[PDB]
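Here is how the chains run, residue by residue.
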Amino acid sequence: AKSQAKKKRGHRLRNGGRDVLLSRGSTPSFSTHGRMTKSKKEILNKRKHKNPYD
RNA sequence: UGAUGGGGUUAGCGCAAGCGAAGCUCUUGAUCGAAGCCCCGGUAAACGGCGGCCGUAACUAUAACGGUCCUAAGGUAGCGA
């Protein structure tokens, strides 16, 4: 299914269009989420290199 | 239906004037008085009626959302140049 907003956008582009996605602000090519370095829980039980116990 | 209230006439009383019973009259309307109407509900396959404005979401668009005024209620499903 296509959304009701996108159906209204399609009707207004057929009927004398403007193509408002051009007037949308262009996102960068990367991702803009929040990057957090890990916590002590995550680093303490990350289990890297899996070296056996002696 | 006619309680009263008022007037006309006059037997009589007052020498003018004026007062005036009864009767007969003209009028006034107390009371009595049902449906209806006002009132109280019901009824829309009874006649009929079924709203505005503004803001708002991933940089656009749109508004699920919210605000407010009014209403008897704000047009549902389905359909739609």
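Attention here is on the structure that accompanies the text. (Residues numbered from 1 in each chain as written, not as in the entry; some residues may be left out. Chains lettered and ligands numbered in written order. Part of a larger assembly, values for the part shown. Heavy atoms only, no water.)

1. Section: a positive patch on the surface
Point 1. On the surface, a cluster of positive charge is made up of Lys2, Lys6, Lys7, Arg9, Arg14 and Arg24.
Point 2. Relative to the assigned elements, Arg24 resides in the loop between α2 (20–23) and α3 (40–44). (Patch = residues over 30% accessible without salt bridge, like charges linked within 9 Å, V, L, I, M, F, W, Y side chains within 5 Å. Areas by Shrake-Rupley, 256 points an atom, 1.4 Å probe, with all protein chains shown as cover. Salt bridge = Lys/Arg side-chain N within 4 Å of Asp/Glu carboxyl O. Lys, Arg positive; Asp, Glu negative; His and termini not counted. Charge placed at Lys NZ, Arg CZ, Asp CG, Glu CD. Helix = DSSP H or I, 4+ residues; strand = E, 2+ residues; numbered from the N terminus.)

2. A look at the protein's contact with RNA strand B
Point 1. Neighbouring RNA strand B are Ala5, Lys8, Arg9, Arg12, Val20, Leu21, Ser23, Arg24, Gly25 and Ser26.
Point 2. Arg12 is positioned such that a nitrogen or oxygen atom in its side chain is 2.5 Å from a phosphate oxygen of RNA strand B.
Point 3. Secondary-structure elements contributing two or more residues to the surface near RNA strand B are α1 (4–14) and α2.
Point 4. With 4 residues, the single largest contributor to the surface near RNA strand B is α1.
Point 5. Residue composition of the surface near RNA strand B, grouped by class: 3 nonpolar, 3 polar and 4 charged. (Near = heavy atom within 4 Å. Polar contact = N/O pair within 3.5 Å; in protein donor to acceptor, adjacent residues only side chain to side chain. Nonpolar A, V, L, I, M, F, W, Y, C, P; charged D, E, K, R; others polar.)

3. Focus: the environment of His33
Point 1. With respect to the helices, strands and loops of the structure, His33 is situated in the loop between α2 and α3.
Point 2. Considering only alpha carbons, one finds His33 and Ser3, 30 residues apart in sequence, at a separation of 25 Å.
Point 3. Engagement of the side chain of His33 in a polar contact is seen with the side chain of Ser31, the distance being 2.8 Å.

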